[PDB]
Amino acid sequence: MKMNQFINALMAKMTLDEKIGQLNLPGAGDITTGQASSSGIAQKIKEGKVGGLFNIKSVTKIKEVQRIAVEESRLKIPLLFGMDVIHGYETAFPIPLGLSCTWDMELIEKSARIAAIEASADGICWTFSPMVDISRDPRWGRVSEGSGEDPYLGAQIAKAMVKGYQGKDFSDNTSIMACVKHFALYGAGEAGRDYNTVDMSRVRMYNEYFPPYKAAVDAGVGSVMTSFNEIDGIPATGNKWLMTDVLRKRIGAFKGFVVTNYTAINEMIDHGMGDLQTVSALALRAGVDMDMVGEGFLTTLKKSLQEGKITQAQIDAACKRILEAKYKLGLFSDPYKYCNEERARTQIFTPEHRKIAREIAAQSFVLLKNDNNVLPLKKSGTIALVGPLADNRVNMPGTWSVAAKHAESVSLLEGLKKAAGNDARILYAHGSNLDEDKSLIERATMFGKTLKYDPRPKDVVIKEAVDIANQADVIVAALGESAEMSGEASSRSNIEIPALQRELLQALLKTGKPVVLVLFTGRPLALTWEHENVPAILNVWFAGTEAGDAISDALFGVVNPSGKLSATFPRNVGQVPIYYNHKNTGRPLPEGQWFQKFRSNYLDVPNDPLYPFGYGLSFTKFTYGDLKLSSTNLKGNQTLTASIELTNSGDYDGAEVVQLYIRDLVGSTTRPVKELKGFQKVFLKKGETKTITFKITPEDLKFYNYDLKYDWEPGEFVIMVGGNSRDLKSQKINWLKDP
């Protein structure tokens, strides 16, 4: 009895309403433990009207709910239990944007593995993750959930995430089904405003935005979630071209199912697509399989079928897909597969898990500036820790951490005191609130992620910090955003550090003491003034439940920072969108020659971002020899070997991310000045040299041309290697086809 036979047999037993019921993923409402079977959701499950549920927590609650299905519904079809497990379950790793800066695919996969272990131990068998939306717009709150602006890096991370979640077998009780989102183009919302209109050409979609989604699918992701945005004037959720012709294009078949985003079907009414029945039929016809919360499928599909607006086959295909996911997950052989109390008791938020998170977090930090050897700090003397983010636990996990043990996180103050012990004195001061305008603080600290609010006049509180700082040999400024300043529906028209904090920072600098800016953020910020005036800048994103410890490992040099930016840091928001893989234009500005009239440039700011893609410093220094190519004249399907000597020429052991970029000089369409095509993170002891090697083939040269044909064209290419997208060793080559 293989899957297809079993599933066909089952569906032959089902009524029309039961098939439709499988397509329903409703909101659950409150469920009183001890009386699940008589709760609001119970009746629906009993009537076969529920295919799955989500964001229900605890194996105890889940088992009982699952028992209603197994024992009290006619066919005893078990439910899927999903959740947003985004960057950890109870143990929280850094936010995804932070994790992507590790450029370490092993660590990425590992964090996903541990998340799956924890979530599955607590009854969850399906996560709405990874989010792989490409974005070039820092205003958008959701950049925190993604992996930056690059399709290659993004695609690599997609594979790592899906593999971590899903393992080699869906039926394993430590593996959960992943869900790539949000298909598609969500990250191009106009003016960085969440949910706003998206528009772009087909050729831009294929080269610049689609690749990460495709990587997830090729990796075997089990499901796909639709996006809130329209494309070509049709909401993704109702977009047949996208959901059928692209997603399920013959060769490269996606086998899983498509679930809508939260009431995305109903929102098509607001989009302007028609009434609930109309937009529901549109969604099903497009290839949508499961309806999240809005119940458009449940309440309208029969009427449409009776009216011949949809077919039985359409309903059947969607039903079968849901049932197949359940079968693959092991639910028809054991509906309680993911419900073991002892696993939940022993495998969640363990000391070992927290240790791994701590180690992973330290490798996500990006050191953006370190003048005059300020870092690492000596573990002696006195250290002043100042800022609205110095001593707060609940913000450390950042946004999208619904299952995290927020109140058990390690504050920076806590982590610092511990690491220092009796070797160094740690002094503390609030310094300032998150921002002037209390109402902004409030909407930025939703979901219980509150900060201590100081009712005293800002000058009073600053004077307090300055006077404390004057007693220290070095100041550590913990500034930046709060957790919920990014995330969903957290768009900012201003991407600077809040004025109040900058005013505070100014006061700290004026003490004359060395200041280290420890920066908390869920997005790229505009930091020109900070870069000019602060000796050392460490971007720690949001590091998770172990933030305080991981950050202290960095500060004292237990761990040498090795992160690299996966997204461009602009000089101001007026530069947006600014990104490394751009076209040359017909009037490029020669490097270093800002400003030039009649070139492509601004009157009031240079063209360069502040920090480019791939940027990141170390406590040590890395020296690149000259790029060596095995050939500069290639023919057909040959392999080019590119190699380079890398030397740790600094004072500390450390790792660096070696990056490979390729520029296609001439094409039938304009080609980007460069695109990432490989990378390698390597650790080097002080004074050690290693040969780093990349192997290139024509596959690395391919792109989607004007007719959307994926292929490469003969001609000249530039091969580049270095420690960021700007500082590169390069060499030109000629690559020819052959008859």
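Numbers for residues come from their place in the sequence shown, where the first is 1.
**Student:** So which stretch wins on mean C-alpha B-factor, 603-611 or 244-252?
**Tutor:** The stretch with the larger average C-alpha B-factor is 244-252.
**Student:** Quick check on the record: does 227-235 or 470-478 carry the larger mean Cα temperature factor?
**Tutor:** Looking at the record's C-alpha B-factors, the answer is 470-478.
**Student:** Looking at the C-alpha B-factor values in the deposited entry, which of 384, 185, 161, 565 comes out highest?
**Tutor:** Top of the list by C-alpha B-factor: 384.
**Student:** Per the entry's Cα B factor values, which of 690, 702, 671, 677 stands out as the maximum?
**Tutor:** So the option with the highest C-alpha B-factor is 690.
**Student:** Using the B-factor values recorded in the entry, state whether the Cα atom of residue 174 falls in the lowest, middle or highest third among the modelled residues of its chain.
**Tutor:** For residue 174, the deposited C-alpha B-factor lands in the highest third.
**Student:** What third of the chain does residue 436 rank in for C-alpha temperature factor, lowest, middle or highest?
**Tutor:** Highest third of the chain for residue 436's C-alpha B-factor.
**Student:** Would the CA B-factor of residue 9 place it in the lowest, middle or highest third of its chain?
**Tutor:** For residue 9, the deposited C-alpha B-factor lands in the highest third.
**Student:** Taking the C-alpha B-factors as the PDB entry records them, is residue 450 in the lowest, middle or highest third of its chain?
**Tutor:** According to the entry, residue 450 has a C-alpha B-factor in the chain's highest third.
**Student:** Can you tell me whether residue 104 has a C-alpha B-factor in the lowest, middle or highest third compared with the other modelled residues of the same chain?
**Tutor:** Within its chain, residue 104 is a middle-third residue by C-alpha B-factor, going by the deposited values.
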